[PDB]
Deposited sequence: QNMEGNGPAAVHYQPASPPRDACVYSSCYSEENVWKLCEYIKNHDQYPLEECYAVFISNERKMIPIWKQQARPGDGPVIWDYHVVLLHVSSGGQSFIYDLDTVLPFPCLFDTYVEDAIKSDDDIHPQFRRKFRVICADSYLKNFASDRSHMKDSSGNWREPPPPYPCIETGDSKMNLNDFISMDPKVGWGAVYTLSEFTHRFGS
């Protein structure tokens, strides 16, 4: 037996329940943007405690386990995936992934251990990198005209979300600057898996 603060024990979620969140399959950057907007407009938590997290790598092929699109024990291989990270007042981080079969929200260590898993056994070019943008910066700077979701004749590869494209005064499309794991582009900070866990893990 071993005695393991209790703040995380009573943690109240920052989002509506999973079924009530704005959600479109294969638009996780927008699903997370909408979670950020919800948190901003409600009175429960400050945006300063939350981050948008882009997961990808140079070849844009990342395995993620415990994903809804592939029930079972195998991974989905995404080009990129986006989740929301909340650093709660006591220090415990929580991950909000609308596409995970893990709990929504999920304790950080469980998401890293069960959804991401160790990179040690993975061929290095499939390893995961993390771009962490404070949610306020994400809402201020993110823009997507959804042009990456259309084939050469303009047809939608996956049905679009049911609201107009997210744009800013500075840009109508900079999604690649978030998917990139090059620190020379975009906003926020780029972390290896070990740096990500060191920064946000217990």
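- Annotation: deposited residues 5-6 form the one stretch not represented by C-alpha coordinates in the model.
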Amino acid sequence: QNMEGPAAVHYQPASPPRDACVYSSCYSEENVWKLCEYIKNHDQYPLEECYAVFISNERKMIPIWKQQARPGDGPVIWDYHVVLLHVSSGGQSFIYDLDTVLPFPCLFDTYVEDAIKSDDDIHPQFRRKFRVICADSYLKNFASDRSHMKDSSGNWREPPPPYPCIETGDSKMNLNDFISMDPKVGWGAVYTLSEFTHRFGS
From here on, numbers count along this sequence of modelled residues.
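- In this entry, the higher average B-factor at the C-alpha atoms falls on 162-170, of the pair 162-170 and 57-65.
- In this entry, 144-152 shows the higher mean Cα temperature factor of the pair 28-36 and 144-152.
- Highest C-alpha temperature factor among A20, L193, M181, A14, as the PDB entry reports it: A20.
- Among all modelled residues in this chain, the alpha-carbon of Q92 has a temperature factor (C-alpha) in the middle third.
- The PDB entry assigns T110 a C-alpha temperature factor belonging to the lowest third of its chain's modelled residues.
- Compared with the other modelled residues of the chain, the Cα B-factor recorded for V76 ranks in the middle third.
- Among the modelled residues of its chain, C50 has a C-alpha B-factor that falls in the lowest third, as given in the PDB entry.
- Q125: CA B factor in the middle third of modelled residues in this chain (values from the PDB entry).
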